[PDB]
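**Student:** Okay, handing you the structure first.
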2 protein chains.
Amino acid sequence: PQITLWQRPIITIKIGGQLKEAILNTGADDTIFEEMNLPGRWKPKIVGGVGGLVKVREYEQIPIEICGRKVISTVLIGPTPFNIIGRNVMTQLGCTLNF
Amino acid sequence: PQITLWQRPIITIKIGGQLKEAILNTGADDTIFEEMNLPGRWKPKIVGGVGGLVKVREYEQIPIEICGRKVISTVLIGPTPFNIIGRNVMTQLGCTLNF
Ligand SMILES: [Cl-]
Ligand SMILES: [Cl-]
Ligand SMILES: [Cl-]
């Protein structure tokens, strides 16, 4: 699809089988969601996204469906004021900014 | 142009007569640069560049040249860890996200 930027680009996606809102954030290197359960194993990680260092849980191999497309991705769970889809997933999606 | 997201989408732009690096950030409502002296007058504004709430200088009608395109825009000057082109500018350029 083609997402306009008149509004915040917040879409409903299905992440690890659950429906969530998230913003497509080209300023974000990684994908980070607020506390929720994801399937499988995780490892703790320190990241700098995006207001101080934070400890997050990193889950690899997470199925995400976004606007009809399915990817398998690394997702961080921790303190974030918004759920954020970042460039790691956007690259997997083939997403570009076009003008 | 078509900007891919394998790396941070940082571009060199011309803003108020100066060349600056900035990141194309679909997660940012507004366009904010670090301390710079822009042309014209400004008014104080609070914004949630978190950061917590930060006081910024708001400049209106600032010319911006980005990849050969010229726009006249509102720019915030204040604390920000990077110079950010946000959606206000992107919409003026006709930017979309596409996958
Ligand atoms: Cl949600
Ligand atoms: Cl710069
Ligand atoms: Cl204000």
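Every chain in the structure tokens has a letter given in the order shown (A, B, ...), and although residue numbers restart at 1 in each chain, ligands are simply numbered from 1 in the order shown.
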For ligand 3, collect every residue having any atom at a distance of at most 8 Å from a ligand atom (counting only C-alpha atoms and all ligand atoms); output as an MDAnalysis selection string.
**Tutor:** chainID B and resid 44:47
**Student:** Create the file for the chosen residues now, containing C-alpha atoms and written as a short mmCIF file (atom, residue, chain, number, x, y, z; two decimals), in the first residue's frame.
**Tutor:**
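Writing done, so here's part10.cif:
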```
data_model
loop_
_atom_site.label_atom_id
_atom_site.label_comp_id
_atom_site.auth_asym_id
_atom_site.auth_seq_id
_atom_site.Cartn_x
_atom_site.Cartn_y
_atom_site.Cartn_z
CA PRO B 44 8.06 30.20 21.97
CA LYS B 45 6.24 26.82 21.85
CA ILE B 46 6.11 23.72 24.08
CA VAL B 47 6.33 20.34 22.29
#
```
**Student:** Output the neighbourhood of ligand 1 as a list in words, that is, all protein and nucleic acid residues with some atom at most 12 Å from the ligand, counting only C-alpha atoms and all ligand atoms.
**Tutor:**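 Within the 12 Å cut-off, the matching residues are residues 10, 11, 12, 13, 14, 15, 18, 19, 20, 21, 22, 23, 33, 34, 35, 36, 81, 82, 83 and 84 of chain A.
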**Student:** Once you have the residues from the selection above, write them out as a tab-separated table (two decimals), in the first residue's frame, restricted to N, CA and C atoms.
**Tutor:**
```tsv
chain	number	residue	atom	x	y	z
A	10	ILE	N	-0.28	5.48	11.76
A	10	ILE	CA	-0.60	4.49	12.76
A	10	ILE	C	-1.54	3.48	12.07
A	11	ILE	N	-1.15	2.22	12.10
A	11	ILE	CA	-1.95	1.18	11.48
A	11	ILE	C	-2.17	0.05	12.51
A	12	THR	N	-3.26	-0.69	12.27
A	12	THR	CA	-3.50	-1.92	13.01
A	12	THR	C	-2.77	-3.07	12.33
A	13	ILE	N	-1.92	-3.78	13.08
A	13	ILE	CA	-1.14	-4.91	12.62
A	13	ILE	C	-1.46	-6.12	13.55
A	14	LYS	N	-1.05	-7.32	13.15
A	14	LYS	CA	-1.24	-8.47	14.03
A	14	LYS	C	0.13	-8.96	14.39
A	15	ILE	N	0.45	-8.93	15.66
A	15	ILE	CA	1.84	-9.21	16.06
A	15	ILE	C	1.88	-10.36	17.05
A	18	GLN	N	-1.71	-11.13	18.00
A	18	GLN	CA	-2.54	-10.18	18.70
A	18	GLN	C	-2.63	-8.91	17.83
A	19	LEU	N	-3.78	-8.27	17.86
A	19	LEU	CA	-3.99	-6.99	17.12
A	19	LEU	C	-3.51	-5.81	17.96
A	20	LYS	N	-2.71	-4.91	17.35
A	20	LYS	CA	-2.18	-3.77	18.07
A	20	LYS	C	-2.10	-2.62	17.13
A	21	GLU	N	-2.09	-1.42	17.72
A	21	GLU	CA	-1.81	-0.21	16.88
A	21	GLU	C	-0.32	0.04	16.98
A	22	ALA	N	0.25	0.52	15.86
A	22	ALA	CA	1.67	0.91	15.89
A	22	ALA	C	1.92	1.99	14.83
A	23	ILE	N	2.95	2.80	15.07
A	23	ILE	CA	3.25	3.80	14.04
A	23	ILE	C	4.44	3.37	13.19
A	33	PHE	N	7.52	-2.55	21.14
A	33	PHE	CA	6.12	-2.50	21.59
A	33	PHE	C	6.09	-2.45	23.12
A	34	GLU	N	5.00	-1.91	23.65
A	34	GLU	CA	4.73	-1.90	25.08
A	34	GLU	C	4.49	-3.29	25.56
A	35	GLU	N	4.61	-3.47	26.89
A	35	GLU	CA	4.41	-4.77	27.46
A	35	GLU	C	3.24	-5.59	26.87
A	36	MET	N	3.55	-6.81	26.48
A	36	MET	CA	2.58	-7.73	25.90
A	36	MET	C	3.31	-9.05	25.89
A	81	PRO	N	6.66	5.05	24.66
A	81	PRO	CA	5.39	5.74	24.82
A	81	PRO	C	4.39	5.37	23.71
A	82	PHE	N	4.85	4.75	22.62
A	82	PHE	CA	4.01	4.32	21.47
A	82	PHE	C	4.54	2.97	20.98
A	83	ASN	N	3.70	2.10	20.39
A	83	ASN	CA	4.27	0.92	19.69
A	83	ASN	C	4.83	1.44	18.39
A	84	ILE	N	6.05	1.00	18.06
A	84	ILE	CA	6.78	1.55	16.95
A	84	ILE	C	7.20	0.42	16.01
```
**Student:** Give the superposed chain B as a compact mmCIF listing (two decimals) with N, CA, C and O atoms, in the first residue's frame, the fit being least squares on chain A over all ordered C-alpha pairs.
**Tutor:**
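Generated output (superposed-v1.txt):
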```txt
# COMPACT_ATOMS: atom_id res chain seq x y z
N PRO B 1 0.73 -0.98 -0.14
CA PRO B 1 -0.06 0.24 -0.09
C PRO B 1 0.79 1.51 -0.12
O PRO B 1 2.03 1.46 -0.16
N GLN B 2 0.12 2.64 -0.08
CA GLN B 2 0.77 3.93 -0.16
C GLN B 2 0.24 4.67 1.02
O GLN B 2 -0.96 4.84 1.12
N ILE B 3 1.11 5.09 1.92
CA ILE B 3 0.65 5.65 3.17
C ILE B 3 1.08 7.09 3.15
O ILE B 3 2.25 7.37 2.94
N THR B 4 0.11 8.01 3.33
CA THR B 4 0.38 9.46 3.24
C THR B 4 0.70 9.90 4.61
O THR B 4 0.51 9.13 5.58
N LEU B 5 1.19 11.15 4.76
CA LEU B 5 1.63 11.52 6.11
C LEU B 5 0.94 12.74 6.66
O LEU B 5 1.45 13.41 7.58
N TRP B 6 -0.28 13.04 6.15
CA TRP B 6 -1.15 14.05 6.81
C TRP B 6 -1.50 13.78 8.22
O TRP B 6 -1.54 14.71 9.03
N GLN B 7 -1.66 12.51 8.61
CA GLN B 7 -1.81 12.19 10.00
C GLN B 7 -0.67 11.22 10.38
O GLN B 7 0.01 10.72 9.48
N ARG B 8 -0.48 10.97 11.68
CA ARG B 8 0.46 9.93 12.10
C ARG B 8 0.19 8.61 11.32
O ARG B 8 -0.96 8.17 11.24
N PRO B 9 1.25 7.97 10.76
CA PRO B 9 0.98 6.77 9.98
C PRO B 9 0.81 5.56 10.90
O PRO B 9 1.73 4.67 11.01
N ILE B 10 -0.30 5.56 11.65
CA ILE B 10 -0.59 4.44 12.59
C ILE B 10 -1.45 3.40 11.87
O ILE B 10 -2.43 3.77 11.19
N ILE B 11 -1.08 2.13 11.97
CA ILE B 11 -1.80 1.08 11.28
C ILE B 11 -2.09 0.00 12.30
O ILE B 11 -1.41 -0.09 13.31
N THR B 12 -3.11 -0.81 12.00
CA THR B 12 -3.46 -1.93 12.88
C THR B 12 -2.72 -3.12 12.33
O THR B 12 -2.85 -3.42 11.15
N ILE B 13 -1.97 -3.82 13.17
CA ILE B 13 -1.24 -4.98 12.67
C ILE B 13 -1.55 -6.19 13.53
O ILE B 13 -2.07 -6.05 14.63
N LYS B 14 -1.12 -7.35 13.05
CA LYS B 14 -1.23 -8.56 13.88
C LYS B 14 0.16 -9.01 14.30
O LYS B 14 1.00 -9.31 13.47
N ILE B 15 0.39 -9.10 15.59
CA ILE B 15 1.75 -9.39 16.01
C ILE B 15 1.68 -10.43 17.11
O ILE B 15 0.89 -10.31 18.05
N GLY B 16 2.48 -11.47 16.93
CA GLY B 16 2.41 -12.66 17.78
C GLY B 16 0.97 -13.07 18.09
O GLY B 16 0.71 -13.43 19.21
N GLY B 17 0.04 -12.98 17.13
CA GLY B 17 -1.38 -13.39 17.35
C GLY B 17 -2.35 -12.36 17.94
O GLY B 17 -3.52 -12.66 18.17
N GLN B 18 -1.86 -11.15 18.18
CA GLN B 18 -2.67 -10.11 18.77
C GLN B 18 -2.74 -8.89 17.81
O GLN B 18 -1.76 -8.59 17.17
N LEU B 19 -3.89 -8.23 17.76
CA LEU B 19 -4.04 -6.96 17.04
C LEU B 19 -3.59 -5.76 17.87
O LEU B 19 -3.98 -5.61 19.02
N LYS B 20 -2.76 -4.92 17.26
CA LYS B 20 -2.16 -3.79 17.96
C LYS B 20 -2.11 -2.65 16.94
O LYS B 20 -1.96 -2.90 15.74
N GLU B 21 -2.20 -1.44 17.48
CA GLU B 21 -1.90 -0.23 16.68
C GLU B 21 -0.43 0.00 16.75
O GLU B 21 0.14 -0.05 17.85
N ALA B 22 0.14 0.42 15.61
CA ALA B 22 1.55 0.81 15.66
C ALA B 22 1.84 1.87 14.65
O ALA B 22 1.24 1.89 13.58
N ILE B 23 2.91 2.64 14.91
CA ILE B 23 3.25 3.75 13.99
C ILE B 23 4.46 3.32 13.10
O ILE B 23 5.41 2.73 13.62
N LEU B 24 4.37 3.62 11.81
CA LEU B 24 5.45 3.32 10.82
C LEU B 24 6.46 4.44 11.00
O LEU B 24 6.08 5.58 10.72
N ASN B 25 7.63 4.15 11.58
CA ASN B 25 8.55 5.21 12.07
C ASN B 25 9.92 5.07 11.40
O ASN B 25 10.71 4.25 11.82
N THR B 26 10.13 5.79 10.30
CA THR B 26 11.41 5.72 9.59
C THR B 26 12.60 6.21 10.38
O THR B 26 13.77 5.93 9.94
N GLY B 27 12.32 6.92 11.46
CA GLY B 27 13.35 7.40 12.44
C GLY B 27 13.78 6.34 13.44
O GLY B 27 14.72 6.59 14.21
N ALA B 28 13.21 5.14 13.41
CA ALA B 28 13.48 4.13 14.42
C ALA B 28 14.19 2.96 13.72
O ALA B 28 13.71 2.45 12.69
N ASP B 29 15.34 2.57 14.25
CA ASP B 29 16.09 1.47 13.67
C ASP B 29 15.33 0.17 13.93
O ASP B 29 15.31 -0.68 13.05
N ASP B 30 14.75 0.05 15.13
CA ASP B 30 14.16 -1.26 15.55
C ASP B 30 12.66 -1.13 15.78
O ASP B 30 12.11 -0.02 15.68
N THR B 31 12.02 -2.29 16.05
CA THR B 31 10.58 -2.38 16.25
C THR B 31 10.43 -2.70 17.73
O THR B 31 10.93 -3.72 18.24
N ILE B 32 9.70 -1.81 18.40
CA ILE B 32 9.52 -1.87 19.83
C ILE B 32 8.03 -1.74 20.20
O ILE B 32 7.34 -0.82 19.75
N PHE B 33 7.54 -2.67 21.00
CA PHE B 33 6.15 -2.57 21.51
C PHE B 33 6.10 -2.48 22.98
O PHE B 33 7.03 -2.95 23.66
N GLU B 34 5.03 -1.88 23.55
CA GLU B 34 4.93 -1.81 24.99
C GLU B 34 4.65 -3.23 25.46
O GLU B 34 4.43 -4.15 24.66
N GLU B 35 4.74 -3.39 26.75
CA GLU B 35 4.47 -4.69 27.41
C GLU B 35 3.35 -5.54 26.78
O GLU B 35 2.19 -5.12 26.65
N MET B 36 3.73 -6.75 26.38
CA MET B 36 2.90 -7.65 25.58
C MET B 36 3.50 -8.97 25.88
O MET B 36 4.73 -9.09 26.08
N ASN B 37 2.70 -10.01 25.82
CA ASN B 37 3.36 -11.30 25.87
C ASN B 37 3.53 -12.01 24.53
O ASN B 37 2.60 -12.64 24.00
N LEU B 38 4.75 -11.93 23.99
CA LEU B 38 5.03 -12.51 22.69
C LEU B 38 5.34 -14.00 22.77
O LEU B 38 5.78 -14.48 23.79
N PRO B 39 5.20 -14.72 21.65
CA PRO B 39 5.56 -16.16 21.68
C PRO B 39 7.11 -16.35 21.83
O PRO B 39 7.91 -15.50 21.36
N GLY B 40 7.52 -17.43 22.51
CA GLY B 40 8.93 -17.80 22.52
C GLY B 40 9.79 -17.30 23.62
O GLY B 40 9.34 -16.80 24.67
N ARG B 41 11.09 -17.47 23.40
CA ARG B 41 12.01 -17.05 24.36
C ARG B 41 12.57 -15.69 23.90
O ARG B 41 12.41 -15.30 22.75
N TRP B 42 13.22 -15.02 24.82
CA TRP B 42 13.77 -13.67 24.57
C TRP B 42 15.14 -13.55 25.23
O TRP B 42 15.49 -14.38 26.10
N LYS B 43 15.90 -12.49 24.91
CA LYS B 43 17.17 -12.20 25.61
C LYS B 43 17.21 -10.68 25.96
O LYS B 43 16.61 -9.94 25.23
N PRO B 44 17.81 -10.26 27.10
CA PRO B 44 17.85 -8.83 27.43
C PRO B 44 18.74 -8.05 26.43
O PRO B 44 19.76 -8.60 25.93
N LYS B 45 18.38 -6.79 26.19
CA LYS B 45 19.18 -5.92 25.31
C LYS B 45 19.03 -4.45 25.81
O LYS B 45 17.98 -4.05 26.34
N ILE B 46 20.11 -3.69 25.69
CA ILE B 46 20.03 -2.25 25.96
C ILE B 46 19.89 -1.54 24.64
O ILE B 46 20.56 -1.89 23.65
N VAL B 47 19.02 -0.53 24.60
CA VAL B 47 18.81 0.26 23.34
C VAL B 47 18.61 1.67 23.81
O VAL B 47 18.30 1.90 25.00
N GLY B 48 18.81 2.62 22.91
CA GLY B 48 18.74 4.02 23.26
C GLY B 48 17.41 4.70 22.98
O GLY B 48 17.40 5.86 22.55
N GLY B 49 16.30 4.01 23.22
CA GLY B 49 14.96 4.62 23.15
C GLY B 49 14.78 5.67 24.23
O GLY B 49 14.22 5.38 25.28
N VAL B 50 15.23 6.90 23.94
CA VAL B 50 15.51 7.95 24.95
C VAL B 50 14.32 8.82 25.41
O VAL B 50 13.86 9.68 24.65
N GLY B 51 13.81 8.63 26.63
CA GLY B 51 14.04 7.48 27.51
C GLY B 51 15.35 7.30 28.27
O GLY B 51 15.36 6.66 29.33
N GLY B 52 16.44 7.85 27.75
CA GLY B 52 17.79 7.39 28.10
C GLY B 52 17.98 5.96 27.61
O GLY B 52 17.16 5.46 26.84
N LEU B 53 19.02 5.28 28.06
CA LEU B 53 19.20 3.84 27.78
C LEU B 53 18.16 3.02 28.55
O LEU B 53 17.98 3.22 29.76
N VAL B 54 17.44 2.14 27.85
CA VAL B 54 16.41 1.29 28.48
C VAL B 54 16.72 -0.20 28.24
O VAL B 54 17.16 -0.57 27.16
N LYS B 55 16.50 -1.04 29.25
CA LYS B 55 16.59 -2.49 29.07
C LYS B 55 15.32 -3.00 28.40
O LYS B 55 14.22 -2.63 28.79
N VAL B 56 15.46 -3.84 27.39
CA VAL B 56 14.33 -4.39 26.72
C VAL B 56 14.41 -5.92 26.62
O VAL B 56 15.51 -6.51 26.70
N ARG B 57 13.27 -6.55 26.34
CA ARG B 57 13.31 -7.94 25.90
C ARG B 57 13.38 -8.07 24.40
O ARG B 57 12.49 -7.57 23.67
N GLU B 58 14.40 -8.78 23.91
CA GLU B 58 14.48 -9.02 22.49
C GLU B 58 13.89 -10.39 22.12
O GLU B 58 14.40 -11.39 22.58
N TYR B 59 12.85 -10.40 21.28
CA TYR B 59 12.26 -11.64 20.73
C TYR B 59 12.60 -11.79 19.27
O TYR B 59 12.39 -10.91 18.45
N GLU B 60 13.11 -12.96 18.90
CA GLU B 60 13.41 -13.17 17.49
C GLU B 60 12.35 -14.04 16.82
O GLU B 60 11.54 -14.69 17.52
N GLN B 61 12.33 -14.02 15.50
CA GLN B 61 11.39 -14.78 14.70
C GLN B 61 9.90 -14.62 15.10
O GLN B 61 9.18 -15.61 15.28
N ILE B 62 9.44 -13.37 15.22
CA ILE B 62 8.05 -13.09 15.58
C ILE B 62 7.26 -12.88 14.33
O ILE B 62 7.67 -12.08 13.47
N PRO B 63 6.11 -13.60 14.17
CA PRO B 63 5.37 -13.27 12.97
C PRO B 63 4.58 -11.95 13.11
O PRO B 63 3.96 -11.68 14.16
N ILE B 64 4.54 -11.22 12.00
CA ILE B 64 3.86 -9.92 11.90
C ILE B 64 3.05 -9.86 10.60
O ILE B 64 3.57 -10.11 9.49
N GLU B 65 1.76 -9.56 10.71
CA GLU B 65 1.00 -9.30 9.52
C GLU B 65 0.61 -7.81 9.45
O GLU B 65 0.02 -7.24 10.40
N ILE B 66 1.01 -7.17 8.36
CA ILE B 66 0.83 -5.74 8.23
C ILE B 66 0.22 -5.53 6.85
O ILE B 66 0.87 -5.88 5.87
N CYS B 67 -0.96 -4.88 6.78
CA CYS B 67 -1.67 -4.65 5.50
C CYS B 67 -1.68 -5.84 4.54
O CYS B 67 -1.35 -5.71 3.37
N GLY B 68 -2.04 -7.01 5.04
CA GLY B 68 -2.04 -8.18 4.19
C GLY B 68 -0.69 -8.85 3.96
O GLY B 68 -0.65 -9.94 3.40
N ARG B 69 0.42 -8.24 4.38
CA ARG B 69 1.74 -8.88 4.15
C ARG B 69 2.26 -9.59 5.39
O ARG B 69 2.17 -9.05 6.49
N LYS B 70 2.84 -10.79 5.23
CA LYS B 70 3.33 -11.52 6.41
C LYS B 70 4.85 -11.47 6.48
O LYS B 70 5.48 -11.73 5.49
N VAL B 71 5.44 -11.11 7.63
CA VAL B 71 6.92 -11.14 7.77
C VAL B 71 7.24 -11.81 9.08
O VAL B 71 6.36 -11.89 9.96
N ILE B 72 8.50 -12.29 9.24
CA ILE B 72 8.94 -12.88 10.51
C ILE B 72 10.10 -12.01 10.97
O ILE B 72 11.09 -11.86 10.23
N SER B 73 9.99 -11.44 12.17
CA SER B 73 10.85 -10.34 12.57
C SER B 73 11.36 -10.38 14.00
O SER B 73 10.84 -11.13 14.85
N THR B 74 12.39 -9.56 14.29
CA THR B 74 12.79 -9.38 15.65
C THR B 74 11.99 -8.23 16.24
O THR B 74 11.90 -7.17 15.57
N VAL B 75 11.45 -8.38 17.46
CA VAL B 75 10.62 -7.33 18.13
C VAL B 75 11.20 -7.13 19.51
O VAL B 75 11.57 -8.10 20.17
N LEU B 76 11.30 -5.87 19.94
CA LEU B 76 11.71 -5.50 21.27
C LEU B 76 10.43 -5.24 22.05
O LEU B 76 9.48 -4.62 21.50
N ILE B 77 10.41 -5.70 23.29
CA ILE B 77 9.39 -5.34 24.26
C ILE B 77 9.98 -4.55 25.40
O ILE B 77 10.96 -4.99 26.03
N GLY B 78 9.47 -3.35 25.63
CA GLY B 78 10.02 -2.49 26.70
C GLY B 78 9.27 -1.18 26.77
O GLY B 78 8.24 -1.02 26.10
N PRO B 79 9.77 -0.24 27.59
CA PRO B 79 9.08 1.04 27.70
C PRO B 79 9.27 1.80 26.42
O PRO B 79 10.40 1.93 25.89
N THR B 80 8.16 2.26 25.88
CA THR B 80 8.13 3.05 24.66
C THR B 80 6.78 3.76 24.76
O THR B 80 5.80 3.13 25.11
N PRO B 81 6.73 5.06 24.46
CA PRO B 81 5.41 5.74 24.55
C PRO B 81 4.42 5.35 23.41
O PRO B 81 3.22 5.60 23.51
N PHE B 82 4.93 4.78 22.33
CA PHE B 82 4.01 4.14 21.40
C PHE B 82 4.63 2.90 20.76
O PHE B 82 5.85 2.67 20.75
N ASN B 83 3.75 2.05 20.29
CA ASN B 83 4.21 0.88 19.59
C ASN B 83 4.80 1.38 18.25
O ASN B 83 4.10 2.06 17.47
N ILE B 84 6.02 0.92 17.94
CA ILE B 84 6.78 1.44 16.80
C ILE B 84 7.19 0.29 15.85
O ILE B 84 7.82 -0.69 16.32
N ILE B 85 6.78 0.38 14.57
CA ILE B 85 7.37 -0.44 13.46
C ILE B 85 8.55 0.40 12.93
O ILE B 85 8.34 1.50 12.45
N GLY B 86 9.77 -0.13 13.09
CA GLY B 86 10.98 0.60 12.68
C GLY B 86 11.56 -0.03 11.44
O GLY B 86 10.89 -0.81 10.73
N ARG B 87 12.78 0.38 11.09
CA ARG B 87 13.29 0.04 9.74
C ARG B 87 13.56 -1.47 9.51
O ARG B 87 13.42 -1.95 8.39
N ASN B 88 13.90 -2.18 10.54
CA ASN B 88 14.13 -3.67 10.41
C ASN B 88 12.91 -4.34 9.75
O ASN B 88 13.05 -5.17 8.83
N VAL B 89 11.68 -3.98 10.18
CA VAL B 89 10.47 -4.52 9.60
C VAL B 89 10.21 -3.88 8.27
O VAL B 89 9.77 -4.50 7.31
N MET B 90 10.42 -2.55 8.19
CA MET B 90 10.07 -1.90 6.98
C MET B 90 10.85 -2.42 5.77
O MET B 90 10.29 -2.54 4.68
N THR B 91 12.13 -2.68 5.99
CA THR B 91 12.95 -3.23 4.90
C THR B 91 12.44 -4.58 4.48
O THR B 91 12.44 -4.86 3.31
N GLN B 92 12.00 -5.41 5.43
CA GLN B 92 11.44 -6.74 5.06
C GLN B 92 10.20 -6.58 4.21
O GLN B 92 9.90 -7.46 3.37
N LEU B 93 9.45 -5.49 4.41
CA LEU B 93 8.27 -5.24 3.59
C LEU B 93 8.59 -4.63 2.21
O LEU B 93 7.72 -4.55 1.40
N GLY B 94 9.83 -4.15 2.02
CA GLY B 94 10.21 -3.39 0.85
C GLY B 94 9.73 -1.95 0.88
O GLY B 94 9.50 -1.36 -0.16
N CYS B 95 9.54 -1.39 2.07
CA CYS B 95 9.09 0.02 2.22
C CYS B 95 10.08 0.99 1.75
O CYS B 95 11.24 0.89 2.11
N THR B 96 9.61 1.99 1.00
CA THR B 96 10.50 3.13 0.67
C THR B 96 9.78 4.44 0.95
O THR B 96 8.55 4.43 1.13
N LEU B 97 10.54 5.54 1.04
CA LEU B 97 9.96 6.89 1.11
C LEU B 97 10.07 7.40 -0.31
O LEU B 97 11.08 7.15 -0.94
N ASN B 98 9.02 8.08 -0.81
CA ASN B 98 8.95 8.52 -2.22
C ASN B 98 8.33 9.89 -2.28
O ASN B 98 7.32 10.13 -1.64
N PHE B 99 8.97 10.78 -3.03
CA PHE B 99 8.43 12.12 -3.30
C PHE B 99 9.03 12.55 -4.60
O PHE B 99 9.99 11.93 -5.07
```
**Student:** To test your reading of the structure, identify every residue in segment 6-92 of chain B that backbone DSSP assigns to strand (DSSP E), and report it as an MDAnalysis selection string.
**Tutor:** chainID B and resid 10:15 18:24 32:33 42:47 54:66 69:77 84:85
